[PDB]
Amino acid sequence: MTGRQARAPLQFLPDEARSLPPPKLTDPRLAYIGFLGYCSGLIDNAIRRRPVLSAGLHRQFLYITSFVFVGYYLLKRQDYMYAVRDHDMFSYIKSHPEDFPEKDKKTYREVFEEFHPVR
Amino acid sequence: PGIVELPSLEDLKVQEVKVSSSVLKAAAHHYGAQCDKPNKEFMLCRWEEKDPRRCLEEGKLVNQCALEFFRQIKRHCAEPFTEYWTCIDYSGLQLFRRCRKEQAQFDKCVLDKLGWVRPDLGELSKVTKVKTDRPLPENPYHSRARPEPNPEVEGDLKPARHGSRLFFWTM
Amino acid sequence: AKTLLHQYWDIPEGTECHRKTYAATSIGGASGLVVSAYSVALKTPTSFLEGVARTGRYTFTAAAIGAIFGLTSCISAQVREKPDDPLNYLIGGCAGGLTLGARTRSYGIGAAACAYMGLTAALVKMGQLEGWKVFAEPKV
Amino acid sequence: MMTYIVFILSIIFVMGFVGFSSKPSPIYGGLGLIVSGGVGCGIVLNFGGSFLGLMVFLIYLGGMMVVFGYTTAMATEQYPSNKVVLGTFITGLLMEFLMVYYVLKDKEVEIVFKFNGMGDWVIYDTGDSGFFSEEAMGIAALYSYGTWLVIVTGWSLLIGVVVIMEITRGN
Amino acid sequence: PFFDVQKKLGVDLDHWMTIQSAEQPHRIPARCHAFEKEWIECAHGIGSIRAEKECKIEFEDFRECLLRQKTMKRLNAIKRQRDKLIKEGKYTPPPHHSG
Amino acid sequence: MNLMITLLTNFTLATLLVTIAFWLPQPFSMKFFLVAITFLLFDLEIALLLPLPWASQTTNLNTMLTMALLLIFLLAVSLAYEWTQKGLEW
Amino acid sequence: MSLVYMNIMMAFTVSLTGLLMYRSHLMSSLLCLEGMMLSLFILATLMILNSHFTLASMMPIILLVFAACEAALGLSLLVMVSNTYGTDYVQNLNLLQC
Amino acid sequence: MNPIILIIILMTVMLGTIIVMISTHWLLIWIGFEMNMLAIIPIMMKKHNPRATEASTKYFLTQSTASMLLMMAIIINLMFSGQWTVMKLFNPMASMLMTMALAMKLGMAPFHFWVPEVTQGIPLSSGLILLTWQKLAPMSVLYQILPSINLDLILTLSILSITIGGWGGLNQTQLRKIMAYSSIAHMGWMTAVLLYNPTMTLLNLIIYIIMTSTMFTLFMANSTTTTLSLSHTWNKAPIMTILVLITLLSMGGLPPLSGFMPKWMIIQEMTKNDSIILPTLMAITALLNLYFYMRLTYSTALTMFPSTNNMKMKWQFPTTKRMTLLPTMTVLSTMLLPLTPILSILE
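These protein sequences, in sequence, are chains A, B, C, D, E, F, G and H. Residue numbering for the first sequence follows the numbering used here, starting at 40 and increasing by one per position. Residue numbering for the second sequence follows the numbering used here, starting at 7 and increasing by one per position. Residue numbering for the third sequence follows the numbering used here, starting at 6 and increasing by one per position. Residue numbering for the fourth sequence follows the numbering used here, starting at 4 and increasing by one per position. Residue numbering for the fifth sequence follows the numbering used here, starting at 1146 and increasing by one per position. Residue numbering for the sixth sequence follows the numbering used here, starting at 7 and increasing by one per position. Residue numbering for the seventh sequence follows the numbering used here, starting at 500 and increasing by one per position. Residue numbering for the eighth sequence follows the numbering used here, starting at 2 and increasing by one per position.
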């Protein structure tokens, strides 16, 4: 799928993106990103021979902060992209009733399907 | 497809001003003064319709105006107008600073005997109004209509419908 | 090229025969010239007679495989009188692989070529029979 | 000495490209590219061509083939024609003779095109009021409108200078 | 990807080298000015697919302004016909300078 | 073709002079290369400069002054760079 | 179709085949690259002149100056190869096998 | 080399690639490609061995003829309907010449003969920067000019590049040639889905660039040319071994790991069309180019080759290489599996 109003330049978060619900505090995806940041600081201790779980606690706090921040912005952009996809889908549904006909519900009193037994 | 609509040979007979080039170049400024008032009709016709085979009556009009002007300068002073343009003729491309004293002589002739102040610089410029009799044309670029407009997508956006709607990672 | 592969597949198969074998020999000559052109570009034969010999060998073998494929195609289509199966071209691909092994004069290569060329030829006719487009929709 | 002089100078042009695409010694190659550049200058001046074709002449026939012949003189020796070189020259002359013969005695020659085969006095201007030789005022832009283009061009040449000195032992 | 800082900063630094009919430094046209103006106005608010299937007539008019292919084909046919009938000899030609 | 007539007459008369003069009596250094490429790059920058006297009659004069000074200034920076950084030394 | 364009495109194919097949010296290859450059220059210049494409008539000279400094870089690379070797053949480059 | 000069050359590589990204004029795209070449030439020959000199010669010749054939395609575009807008082209012949020009620009099957030769005789930093920016620079252009390309061009080059980077690749222990054949196979993948949904192509470009940065950073952490040197890296340090394991398996693309995500989405938005036999052929060849990854892993971290002493000497010195950014790129490149709906972060 393509832009869809790249006219209207790049615009990392549009001004229409302040109508969607934001990602809340302690949402599990950014909790996973914080766990990944903790593991990143831990392997950062592990590359050089500095000891694990200690003597790098400011780096742990730094990597947690930075990754949770970046993941928060990307979660907001992700929610906006799914919202604009759903609204464009429903707009093209409502725009042309001629090509998407309503399937009248043939209930199972009259729908015929064969049997083909497994013995 | 479509054929052109050429004018006839009956409109293609104006008394052509079969004069030479240096005399026509030296006789330019006072021709801009006395005549060249009703040929901006022709200029506005040419720039409101990009179509000669249509503005040719005004071409016949500027042709007869220039011939009338050269008749009027032919009958009266100067006959040393001939001396002035043959003084300016053989000087390569005709610089007007070449034969300046005889330019003053021709100006003094035409001023003291006929009138016709020379247009000072820069008065052969300075964008000029013109009224006509014909009404101004519409859409001379003969084209069709602008075929389809894009329906402009507006309206305040809903949130996502049941998440990504991919395989999984719902919400 | 599209024109001669279209000439090959335009024949009802079916029997409109020996035009099938002529088109298959044209396919073989073209493919042999392709692969021989890459080989003579990437070998420097020295002498040039060796280069002409290698290109002639490649074109001759690919044209022979195409000819034998078309011959047993036509014969199996006339005999079985059932133009819809891929089993006839399975026989075709195995015959082409066997004669590839004959013209390279080793037999294990001929056996593996029988198996793989038979499977690919059955798949080609089978995909033409159901209808699987060349390379694309390219729509969505 | 006649109408198809643009076509004939194009024949000598493609002959020159064949004449150094046959791979001679590179000073003969520089000679062939100088002759080809001179007749290409002739072609573009036949289209007129007032500035750009005299402008290429200082760069390629003024600054580039000089250094190509310089580097031919200082780097390679080639101290002593051959079958392959002159045979490719023969086949190139044969291909040009065949193409121009089929242009001459037929309608059109198609590689995959439709080249309407006759000499080009068409198309050309219908004697407009040029007055400034439109190439001249076109290239007399680039300093009002040309903000970005000349900046990145000069910047690329500066980076070319530092690249050349680095590869030839910067600093 | 293609980005849009060109539109975002408000400096249209590269849109003037782009087409004809943008304002030349002296206000002169090209050879096919009006054909461009009507073609651009035909295919402006358009999603470049009904541009392919709807503005075809004016696009072909613009292309034959730009190259003049079939007009030269007609003129060349006239030249070849003129050559073969002067080879025939009927009406030793008064289409040049006189009757 | 008028200057082509002049070129033809000069070329033919020169060939007449030469052929009637002839039928009648009977390693390298990098320093060689740096100056030529320096010529080439500054000559291309001359090619960028030289439409300046074409351009000096427009309605944008301060900008023309600024970018013309920018072109000669860049050329001077290149000159002074290869000047200071032992580009032309012996 | 302005018939000369056919000859200049055929001249482009001449210079392109001369760029691709080349026997001994890299200098002939680089000079045929320059010939290809001249071909594009002339072809585009005749097009822009007959179009009266007068606004953006920068293409001939700017295409020229850019691909000229490309040829300058090629000259420096050929000088470096000829400096670290005896000659500048296509041969004596068969080291670093693919 | 001066560090100021290297910062300048990096600035000009970034300038050329950003000019390729940002411009709308054809001359500016050609200038960006040429300036990218001119700047990337002295990153190679960073030492003065003749290997890098011959590699730079081959690279310059192929890159310059690709640039000039691109200019040929543009001047054909203005021989037809002529304007300098990066849009739909106006000739199948011009689009053919242009896509073959870009196929020479970035690693394709008829044109891949310079890639292992240019990567073998150069150091690791030059190979990293050439793979990253010389596989990033044409993708923007192809993303632009996709709506006027005959599909058989792109699809033929993609299929043949995937199978050549597969089959060529079972024979080299030169690690630069291994990574180059991997680059050919992945560029075939990243070009294949250009005419269906280019979001997949650009996401695959991001994932491939991050993976190759991880791999070359692991090789720059301890200078190796062969697999036996990697067995010595097994002896001297254990964490590099499990990194080689995870990054080689993510080049292999297995569904627990993040290298599988670019394959799977390609197969999805390819098979929503009527293309099924082409996905199963491409993914069989994706099974093929895992084998040299797997024998490399067998050589590095799982079996163990006999070692040489003076590794006893190298025990007394702890590691002191600087990594540019290894661990962030590693866990961004390998644990990215549950972030598949960061697909739509791109368009």
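The C-beta atom is built at its ideal place from N, Cα and C for all residues, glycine as well.
Residue i at chain G interface by Cβ criterion, 9 Å
{"i": "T54 (chain H)", "result": "yes"}
{"i": "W168 (chain H)", "result": "no"}
Cβ neighbour criterion (16 or more within 10 Å) applied to residue i
{"i": "residue 353 (chain H)", "result": "Since the first residue shown for chain H is 2 and the last is 348, residue 353 (chain H) is missing from the structure and cannot be characterised."}
{"i": "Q117 (chain A)", "result": "buried"}
{"i": "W124 (chain D)", "result": "exposed"}
{"i": "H1242 (chain E)", "result": "exposed"}
{"i": "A53 (chain H)", "result": "buried"}
{"i": "residue 2 (chain C)", "result": "Beyond the ends of chain C as shown, which are 6 and 145, falls residue 2 (chain C); an answer cannot be given."}
{"i": "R87 (chain A)", "result": "exposed"}
Coil, strand or helix - residue i by DSSP
{"i": "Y60 (chain H)", "result": "helix"}
{"i": "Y148 (chain D)", "result": "coil"}
{"i": "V123 (chain B)", "result": "coil"}
{"i": "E111 (chain D)", "result": "strand"}
{"i": "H1171 (chain E)", "result": "coil"}
{"i": "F118 (chain D)", "result": "strand"}
{"i": "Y119 (chain A)", "result": "helix"}
{"i": "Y147 (chain B)", "result": "coil"}
{"i": "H524 (chain G)", "result": "strand"}
{"i": "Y63 (chain D)", "result": "helix"}
{"i": "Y209 (chain H)", "result": "helix"}
{"i": "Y588 (chain G)", "result": "strand"}
{"i": "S159 (chain H)", "result": "helix"}
Test: residue i CB closer than 9 Å to a CB of chain E
{"i": "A555 (chain G)", "result": "yes"}
{"i": "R152 (chain B)", "result": "yes"}
{"i": "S159 (chain H)", "result": "no"}
{"i": "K56 (chain B)", "result": "yes"}
9 Å Cβ cutoff, residue i in contact with chain F
{"i": "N591 (chain G)", "result": "no"}
Short CB-CB distance (under 9 Å) between residue i and chain A
{"i": "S345 (chain H)", "result": "yes"}
is_contact[residue i, chain H] using C-beta, thresh 9 Å
{"i": "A510 (chain G)", "result": "no"}
{"i": "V1150 (chain E)", "result": "yes"}
{"i": "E142 (chain C)", "result": "yes"}
{"i": "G573 (chain G)", "result": "yes"}
Proximity test, Cβ basis, 9 Å: residue i and chain D
{"i": "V83 (chain F)", "result": "yes"}
{"i": "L40 (chain F)", "result": "yes"}
{"i": "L595 (chain G)", "result": "no"}
{"i": "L1220 (chain E)", "result": "yes"}
Proximity test, residue i beta-carbon vs the ligand HEM heavy atom, cut-off 8 Å
{"i": "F112 (chain H)", "result": "This structure lacks the ligand HEM, and indeed carries no ligand of any kind."}
Residue i at chain B interface by Cβ criterion, 9 Å
{"i": "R116 (chain A)", "result": "no"}
{"i": "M128 (chain A)", "result": "yes"}
{"i": "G1244 (chain E)", "result": "no"}
Output, in sequence order along the chain, the residues in the segment 42 to 76 of chain A whose CB is closer than 7 Å to any CB in chain B. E55, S58, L59 and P60
Could you run through the segment 15 to 30 of chain D and flag, in chain order, every residue whose CB is less than 9 Å away from some CB of chain G? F16, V17, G19, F20, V21, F23, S24, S25, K26, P27, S28 and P29
Contact set between the segment 127 to 150 of chain B and chain A, restricted to residues whose Cβ is under 7 Å from the partner: none
Those runs of the beta strand (DSSP E) which lie wholly inside the segment 44 to 96 of chain B and span at least 3 residues:
none
* Asked: What are the residues of the segment 299 to 331 of chain H that lie near chain A, defined by any Cβ-Cβ distance shorter than 8 Å?
  -> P319, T320, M324, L327, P328, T329 and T331
Next on the checklist: Residues of the segment 1155 to 1177 of chain E in Cβ contact with chain G at a cutoff of 7 Å, in chain order, please.
Outcome noted: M1162, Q1165, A1167, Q1169, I1173, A1175 and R1176
- Going along the segment 172 to 206 of chain H in order, which residues come within less than 9 Å of chain C, judged by CB to CB distance? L196, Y197 and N198
- request: With 8 Å as the C-beta to C-beta threshold (strictly closer), list the residues of the segment 237 to 251 of chain H near chain A in chain order.
  value: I240
Contact set between the segment 525 to 549 of chain G and chain H, restricted to residues whose Cβ is under 8 Å from the partner:
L525, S528, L532, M535, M536, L539, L542, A543 and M546
query = Going along the chain, which residues of the segment 159 to 172 of chain D sit with their C-beta nearer than 9 Å to a C-beta in chain H?
reply = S159, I162, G163, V165, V166, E169 and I170
field: Members of the segment 27 to 61 of chain H near chain D, C-beta cut-off 8 Å
entry: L28, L29, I32, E35, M36, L39, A40, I42, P43 and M46
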